[PDB]
Protein chains: 2
Amino acid sequence: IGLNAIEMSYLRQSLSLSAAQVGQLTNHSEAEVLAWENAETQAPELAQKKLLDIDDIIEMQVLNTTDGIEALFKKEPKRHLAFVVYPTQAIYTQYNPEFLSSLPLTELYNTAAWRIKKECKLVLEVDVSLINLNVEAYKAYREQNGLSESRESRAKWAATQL
Amino acid sequence: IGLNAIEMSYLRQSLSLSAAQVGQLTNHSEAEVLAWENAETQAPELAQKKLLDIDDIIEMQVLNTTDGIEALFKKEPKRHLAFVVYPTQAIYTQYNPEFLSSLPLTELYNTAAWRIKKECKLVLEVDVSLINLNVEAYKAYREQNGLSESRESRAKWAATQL
Ligand SMILES: [Mg+2]
Ligand SMILES: [Mg+2]
Ligand SMILES: [Mg+2]
Ligand SMILES: [Mg+2]
C-alpha cells in the first residue's frame, strides 16, 4: 500500500528533513515535494522507497546500537553512556565517511541518536547523553592521552563529558 | 542537567513541532527556543518537562491504540484500516476537546497517528492509512446514513475513503 500525503509529510518530519532536503534525496523539486504533501499529486514510488529505506536504515541502527549496548552491559553494567553527535554537516561529513552513503545528512544521524537515547531509556534503563563533538577539546584530549583520531577515541573523550 | 541543546532540538523535531510552536507550548519566544537548541542557553526545566510529557502521552497512545487494533482483530477479520486525523488546528480543536489539555496541537495528534501506522505495520502486519477529516463530506455522510457525531462515526466515514 502506497504512502499518501499526510504519511509522506509525517515520514519526512520523523526524519528531521526539510521538503527541499527530501527533494534533493529523491530527485524532485521542493515544490514537487510540497505538492505531494498537500495531496496535489501522488508521490512517485521511487520517492516513497527512498524515505522508507532511510527510516529502515535508522531503525536497524537503533536496534543494532541498543543490542551492542546491552551486550557490553553484560560485562560492564554502566547506566550512563555517551553517544557522539556532530556539530555541523561539514564536520559530520569529515568525521563519518562510513555513514554518508545511507545517511548523507547530519540530521539523519542526529535522528538515529535521539531514537537510540529513547530506546536505551525504555528497554535497558540506560541513560545515553548526546554529546556534540567539540573538536578543540577533543584534539587537546587526544594530545594528552597519545590517541589517534578514531571512533573509539571520540567515545573515550565523550565519556569524560558526562 | 536534564536535556541538552541537541536532545531538546531532536525531541522537538520528533514531535513535528516548529521552534515557534515549542515557544507557544512552553510560554517562551521562538528566539529563546532556537537559542537553547544552539546551546547558547539552557532550556528551563518546565519547558523540558512539557515536551517530555507530550512524548510520553503519544507513546502511550501508540501502544494502547495498536493493542486495541489487535484485540479488534481477535473478534473480526484483519483488514486495511483508516485512522482519522485533523487537517487544521481549528478542525482538530472542534472535534477533540478531550485531547486539547494534553496534546494541544494537531501536529502532535498527526505524530501519534504516524507512529501508530508504523507500529501496526511492524508488530501486527496490519495496514493503517491516515485520513484527514473533511468536515463537509463527513457531515453529508452522517446525514445520509443517520449517524450522530462521534469518533466511531468519523472512523466509518474515513473507511469510505480507502
Ligand atoms: Mg519530479
Ligand atoms: Mg530500496
Ligand atoms: Mg524497542
Ligand atoms: Mg502490547
# chains A, B, ... in the order shown; residues from 1 in each chain; ligands from 1

$ calpha_fit_and_write --fixed "chain A" --moving "chain B" --output "PDB file with C-alpha atoms, in the first residue's frame"
ATOM      1  CA  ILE B   1      -0.768   3.077  -4.172  1.00  0.00           C
ATOM      2  CA  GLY B   2       2.283   3.384  -1.867  1.00  0.00           C
ATOM      3  CA  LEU B   3       2.530   6.243   0.615  1.00  0.00           C
ATOM      4  CA  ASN B   4      -0.114   8.962   0.434  1.00  0.00           C
ATOM      5  CA  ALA B   5       0.298  12.700   1.183  1.00  0.00           C
ATOM      6  CA  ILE B   6      -0.053  12.524   4.974  1.00  0.00           C
ATOM      7  CA  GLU B   7       2.086   9.375   5.245  1.00  0.00           C
ATOM      8  CA  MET B   8       4.901  10.980   3.189  1.00  0.00           C
ATOM      9  CA  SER B   9       4.693  14.169   5.295  1.00  0.00           C
ATOM     10  CA  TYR B  10       4.939  12.346   8.645  1.00  0.00           C
ATOM     11  CA  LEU B  11       7.591   9.913   7.409  1.00  0.00           C
ATOM     12  CA  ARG B  12       9.647  13.020   6.493  1.00  0.00           C
ATOM     13  CA  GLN B  13       9.040  14.682   9.859  1.00  0.00           C
ATOM     14  CA  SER B  14       9.939  11.477  11.757  1.00  0.00           C
ATOM     15  CA  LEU B  15      13.340  11.695  10.023  1.00  0.00           C
ATOM     16  CA  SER B  16      13.808  15.347  11.145  1.00  0.00           C
ATOM     17  CA  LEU B  17      14.148  16.500   7.505  1.00  0.00           C
ATOM     18  CA  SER B  18      12.892  19.693   5.882  1.00  0.00           C
ATOM     19  CA  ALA B  19      10.932  19.521   2.620  1.00  0.00           C
ATOM     20  CA  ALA B  20      14.022  21.039   0.907  1.00  0.00           C
ATOM     21  CA  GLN B  21      16.192  18.232   2.329  1.00  0.00           C
ATOM     22  CA  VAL B  22      13.777  15.575   1.078  1.00  0.00           C
ATOM     23  CA  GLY B  23      13.993  17.380  -2.272  1.00  0.00           C
ATOM     24  CA  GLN B  24      17.804  17.158  -2.206  1.00  0.00           C
ATOM     25  CA  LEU B  25      17.773  13.476  -1.188  1.00  0.00           C
ATOM     26  CA  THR B  26      15.269  12.386  -3.864  1.00  0.00           C
ATOM     27  CA  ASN B  27      16.289  14.878  -6.621  1.00  0.00           C
ATOM     28  CA  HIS B  28      13.037  16.887  -6.709  1.00  0.00           C
ATOM     29  CA  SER B  29      12.351  20.544  -5.860  1.00  0.00           C
ATOM     30  CA  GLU B  30      11.117  21.725  -2.441  1.00  0.00           C
ATOM     31  CA  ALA B  31       7.879  22.922  -4.115  1.00  0.00           C
ATOM     32  CA  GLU B  32       7.334  19.428  -5.517  1.00  0.00           C
ATOM     33  CA  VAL B  33       7.757  17.870  -2.056  1.00  0.00           C
ATOM     34  CA  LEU B  34       5.309  20.312  -0.510  1.00  0.00           C
ATOM     35  CA  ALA B  35       2.865  19.578  -3.348  1.00  0.00           C
ATOM     36  CA  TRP B  36       2.841  15.855  -2.663  1.00  0.00           C
ATOM     37  CA  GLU B  37       2.519  16.473   1.082  1.00  0.00           C
ATOM     38  CA  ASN B  38      -0.625  18.511   0.263  1.00  0.00           C
ATOM     39  CA  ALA B  39      -2.030  15.758  -1.986  1.00  0.00           C
ATOM     40  CA  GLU B  40      -1.764  17.901  -5.136  1.00  0.00           C
ATOM     41  CA  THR B  41       0.475  15.230  -6.708  1.00  0.00           C
ATOM     42  CA  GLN B  42       1.602  11.672  -5.941  1.00  0.00           C
ATOM     43  CA  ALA B  43       5.145  11.146  -4.549  1.00  0.00           C
ATOM     44  CA  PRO B  44       7.142   9.140  -7.107  1.00  0.00           C
ATOM     45  CA  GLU B  45       7.902   5.522  -6.161  1.00  0.00           C
ATOM     46  CA  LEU B  46      11.676   6.202  -6.127  1.00  0.00           C
ATOM     47  CA  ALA B  47      11.241   9.086  -3.669  1.00  0.00           C
ATOM     48  CA  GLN B  48       9.098   6.974  -1.336  1.00  0.00           C
ATOM     49  CA  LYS B  49      11.639   4.169  -1.413  1.00  0.00           C
ATOM     50  CA  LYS B  50      14.546   6.537  -0.533  1.00  0.00           C
ATOM     51  CA  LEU B  51      12.787   7.705   2.663  1.00  0.00           C
ATOM     52  CA  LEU B  52      11.486   4.250   3.646  1.00  0.00           C
ATOM     53  CA  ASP B  53      14.995   2.757   3.161  1.00  0.00           C
ATOM     54  CA  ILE B  54      16.486   5.514   5.347  1.00  0.00           C
ATOM     55  CA  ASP B  55      13.900   4.779   8.089  1.00  0.00           C
ATOM     56  CA  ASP B  56      14.751   1.041   7.955  1.00  0.00           C
ATOM     57  CA  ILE B  57      18.499   1.805   8.245  1.00  0.00           C
ATOM     58  CA  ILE B  58      17.887   3.981  11.299  1.00  0.00           C
ATOM     59  CA  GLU B  59      15.656   1.360  12.876  1.00  0.00           C
ATOM     60  CA  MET B  60      18.348  -1.336  12.433  1.00  0.00           C
ATOM     61  CA  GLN B  61      20.915   1.038  13.932  1.00  0.00           C
ATOM     62  CA  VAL B  62      18.672   1.606  16.948  1.00  0.00           C
ATOM     63  CA  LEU B  63      18.120  -2.110  17.655  1.00  0.00           C
ATOM     64  CA  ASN B  64      21.738  -3.094  17.029  1.00  0.00           C
ATOM     65  CA  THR B  65      23.185  -0.191  19.075  1.00  0.00           C
ATOM     66  CA  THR B  66      20.872  -0.844  22.040  1.00  0.00           C
ATOM     67  CA  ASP B  67      21.627  -4.571  21.963  1.00  0.00           C
ATOM     68  CA  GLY B  68      25.356  -3.734  21.755  1.00  0.00           C
ATOM     69  CA  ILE B  69      25.027  -1.506  24.837  1.00  0.00           C
ATOM     70  CA  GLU B  70      23.245  -4.298  26.708  1.00  0.00           C
ATOM     71  CA  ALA B  71      26.082  -6.750  25.856  1.00  0.00           C
ATOM     72  CA  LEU B  72      28.649  -4.173  26.945  1.00  0.00           C
ATOM     73  CA  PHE B  73      26.943  -4.059  30.343  1.00  0.00           C
ATOM     74  CA  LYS B  74      27.065  -7.843  30.662  1.00  0.00           C
ATOM     75  CA  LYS B  75      30.861  -7.327  30.824  1.00  0.00           C
ATOM     76  CA  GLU B  76      31.240  -4.086  32.756  1.00  0.00           C
ATOM     77  CA  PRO B  77      28.991  -2.113  35.120  1.00  0.00           C
ATOM     78  CA  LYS B  78      25.988  -0.219  33.760  1.00  0.00           C
ATOM     79  CA  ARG B  79      26.761   3.512  33.639  1.00  0.00           C
ATOM     80  CA  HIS B  80      25.451   6.786  32.176  1.00  0.00           C
ATOM     81  CA  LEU B  81      26.786   6.747  28.594  1.00  0.00           C
ATOM     82  CA  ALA B  82      27.656   9.489  26.107  1.00  0.00           C
ATOM     83  CA  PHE B  83      26.725   9.070  22.447  1.00  0.00           C
ATOM     84  CA  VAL B  84      28.531  11.211  19.858  1.00  0.00           C
ATOM     85  CA  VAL B  85      26.614  13.244  17.277  1.00  0.00           C
ATOM     86  CA  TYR B  86      27.865  15.713  14.664  1.00  0.00           C
ATOM     87  CA  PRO B  87      26.769  19.365  14.856  1.00  0.00           C
ATOM     88  CA  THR B  88      27.149  20.385  11.189  1.00  0.00           C
ATOM     89  CA  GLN B  89      26.870  18.676   7.805  1.00  0.00           C
ATOM     90  CA  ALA B  90      30.589  19.429   7.186  1.00  0.00           C
ATOM     91  CA  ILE B  91      31.720  17.818  10.479  1.00  0.00           C
ATOM     92  CA  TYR B  92      29.403  14.829  10.004  1.00  0.00           C
ATOM     93  CA  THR B  93      30.902  14.339   6.515  1.00  0.00           C
ATOM     94  CA  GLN B  94      34.480  14.630   7.800  1.00  0.00           C
ATOM     95  CA  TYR B  95      34.070  11.925  10.458  1.00  0.00           C
ATOM     96  CA  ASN B  96      31.549   9.505   8.961  1.00  0.00           C
ATOM     97  CA  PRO B  97      32.584   8.508   5.424  1.00  0.00           C
ATOM     98  CA  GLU B  98      31.006   5.073   5.944  1.00  0.00           C
ATOM     99  CA  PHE B  99      27.530   6.433   6.734  1.00  0.00           C
ATOM    100  CA  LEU B 100      27.246   8.928   3.879  1.00  0.00           C
ATOM    101  CA  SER B 101      25.856   6.628   1.172  1.00  0.00           C
ATOM    102  CA  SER B 102      23.085   5.389   3.532  1.00  0.00           C
ATOM    103  CA  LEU B 103      22.426   8.317   5.932  1.00  0.00           C
ATOM    104  CA  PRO B 104      23.661  11.236   3.850  1.00  0.00           C
ATOM    105  CA  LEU B 105      22.554  14.039   6.204  1.00  0.00           C
ATOM    106  CA  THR B 106      23.578  14.665   9.800  1.00  0.00           C
ATOM    107  CA  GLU B 107      19.878  15.092  10.818  1.00  0.00           C
ATOM    108  CA  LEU B 108      19.394  11.392  10.075  1.00  0.00           C
ATOM    109  CA  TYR B 109      22.218  10.392  12.397  1.00  0.00           C
ATOM    110  CA  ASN B 110      20.790  12.740  15.093  1.00  0.00           C
ATOM    111  CA  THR B 111      17.413  11.038  14.666  1.00  0.00           C
ATOM    112  CA  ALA B 112      19.034   7.615  15.124  1.00  0.00           C
ATOM    113  CA  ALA B 113      20.812   9.011  18.229  1.00  0.00           C
ATOM    114  CA  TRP B 114      17.574  10.299  19.768  1.00  0.00           C
ATOM    115  CA  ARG B 115      15.795   6.975  19.108  1.00  0.00           C
ATOM    116  CA  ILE B 116      18.744   5.119  20.669  1.00  0.00           C
ATOM    117  CA  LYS B 117      18.562   7.292  23.826  1.00  0.00           C
ATOM    118  CA  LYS B 118      14.818   6.632  24.045  1.00  0.00           C
ATOM    119  CA  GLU B 119      15.105   2.872  23.464  1.00  0.00           C
ATOM    120  CA  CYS B 120      17.951   2.447  25.953  1.00  0.00           C
ATOM    121  CA  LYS B 121      15.879   4.217  28.606  1.00  0.00           C
ATOM    122  CA  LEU B 122      12.673   2.241  28.002  1.00  0.00           C
ATOM    123  CA  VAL B 123      14.093  -1.247  27.383  1.00  0.00           C
ATOM    124  CA  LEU B 124      17.361  -1.305  29.377  1.00  0.00           C
ATOM    125  CA  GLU B 125      16.760   1.468  31.931  1.00  0.00           C
ATOM    126  CA  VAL B 126      20.089   2.841  30.656  1.00  0.00           C
ATOM    127  CA  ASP B 127      20.816   6.604  30.458  1.00  0.00           C
ATOM    128  CA  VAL B 128      22.425   7.909  27.246  1.00  0.00           C
ATOM    129  CA  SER B 129      23.270  11.596  26.714  1.00  0.00           C
ATOM    130  CA  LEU B 130      23.842  13.031  23.226  1.00  0.00           C
ATOM    131  CA  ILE B 131      27.118  14.952  22.819  1.00  0.00           C
ATOM    132  CA  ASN B 132      28.086  17.045  19.773  1.00  0.00           C
ATOM    133  CA  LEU B 133      31.663  16.508  18.599  1.00  0.00           C
ATOM    134  CA  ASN B 134      33.666  19.676  19.131  1.00  0.00           C
ATOM    135  CA  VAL B 135      36.568  19.319  16.751  1.00  0.00           C
ATOM    136  CA  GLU B 136      39.019  21.634  18.525  1.00  0.00           C
ATOM    137  CA  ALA B 137      38.434  20.057  21.985  1.00  0.00           C
ATOM    138  CA  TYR B 138      38.500  16.484  20.666  1.00  0.00           C
ATOM    139  CA  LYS B 139      41.790  17.091  18.792  1.00  0.00           C
ATOM    140  CA  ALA B 140      43.414  18.505  21.963  1.00  0.00           C
ATOM    141  CA  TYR B 141      42.068  15.596  23.998  1.00  0.00           C
ATOM    142  CA  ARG B 142      43.573  13.068  21.523  1.00  0.00           C
ATOM    143  CA  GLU B 143      46.949  14.839  21.721  1.00  0.00           C
ATOM    144  CA  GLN B 144      46.988  14.941  25.537  1.00  0.00           C
ATOM    145  CA  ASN B 145      46.016  11.275  25.861  1.00  0.00           C
ATOM    146  CA  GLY B 146      47.935   9.765  22.912  1.00  0.00           C
ATOM    147  CA  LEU B 147      44.840   8.596  21.032  1.00  0.00           C
ATOM    148  CA  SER B 148      44.359   8.116  17.310  1.00  0.00           C
ATOM    149  CA  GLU B 149      41.242   9.205  15.421  1.00  0.00           C
ATOM    150  CA  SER B 150      38.519   6.571  15.811  1.00  0.00           C
ATOM    151  CA  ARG B 151      34.924   6.199  16.942  1.00  0.00           C
ATOM    152  CA  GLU B 152      36.202   4.784  20.220  1.00  0.00           C
ATOM    153  CA  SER B 153      38.368   7.887  20.743  1.00  0.00           C
ATOM    154  CA  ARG B 154      35.407  10.188  19.960  1.00  0.00           C
ATOM    155  CA  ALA B 155      33.359   8.266  22.529  1.00  0.00           C
ATOM    156  CA  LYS B 156      36.104   8.487  25.193  1.00  0.00           C
ATOM    157  CA  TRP B 157      36.233  12.261  24.621  1.00  0.00           C
ATOM    158  CA  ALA B 158      32.443  12.536  24.802  1.00  0.00           C
ATOM    159  CA  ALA B 159      32.404  10.799  28.240  1.00  0.00           C
ATOM    160  CA  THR B 160      34.513  13.712  29.588  1.00  0.00           C
ATOM    161  CA  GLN B 161      31.540  15.979  28.792  1.00  0.00           C
ATOM    162  CA  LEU B 162      29.011  14.167  30.990  1.00  0.00           C
TER     163      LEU B 162
END

$ select_by_dssp --residues "region 106-139 of chain B" --states "strand (DSSP E or B)" --output "PyMOL selection string"
chain B and resi 128-132

$ write_last_selection --atoms "N, CA and C atoms" --output "short mmCIF file (atom, residue, chain, number, x, y, z; two decimals), in the first residue's frame"
data_model
loop_
_atom_site.label_atom_id
_atom_site.label_comp_id
_atom_site.auth_asym_id
_atom_site.auth_seq_id
_atom_site.Cartn_x
_atom_site.Cartn_y
_atom_site.Cartn_z
N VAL B 128 -2.57 0.55 8.08
CA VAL B 128 -3.39 1.66 8.54
C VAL B 128 -3.09 2.85 7.63
N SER B 129 -4.12 3.47 7.07
CA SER B 129 -3.94 4.67 6.25
C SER B 129 -4.52 5.88 6.95
N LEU B 130 -3.75 6.97 6.96
CA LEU B 130 -4.18 8.21 7.63
C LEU B 130 -5.10 9.05 6.75
N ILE B 131 -6.26 9.43 7.29
CA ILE B 131 -7.28 10.15 6.52
C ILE B 131 -7.66 11.44 7.22
N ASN B 132 -7.44 12.58 6.56
CA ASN B 132 -7.89 13.87 7.12
C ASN B 132 -9.41 13.97 7.13
#

$ select_by_dssp --residues "chain B" --states "alpha helix (DSSP H)" --output "JSON, numbers by chain"
{"B": [5, 6, 7, 8, 9, 10, 11, 12, 13, 14, 19, 20, 21, 22, 23, 24, 25, 26, 30, 31, 32, 33, 34, 35, 36, 37, 45, 46, 47, 48, 49, 50, 51, 52, 53, 54, 55, 56, 57, 58, 59, 60, 61, 62, 63, 64, 65, 66, 67, 68, 69, 70, 71, 72, 73, 74, 75, 89, 90, 91, 92, 93, 94, 95, 106, 107, 108, 109, 110, 111, 112, 113, 114, 115, 116, 117, 118, 119, 135, 136, 137, 138, 139, 140, 141, 142, 143, 144, 145, 151, 152, 153, 154, 155, 156, 157, 158, 159]}
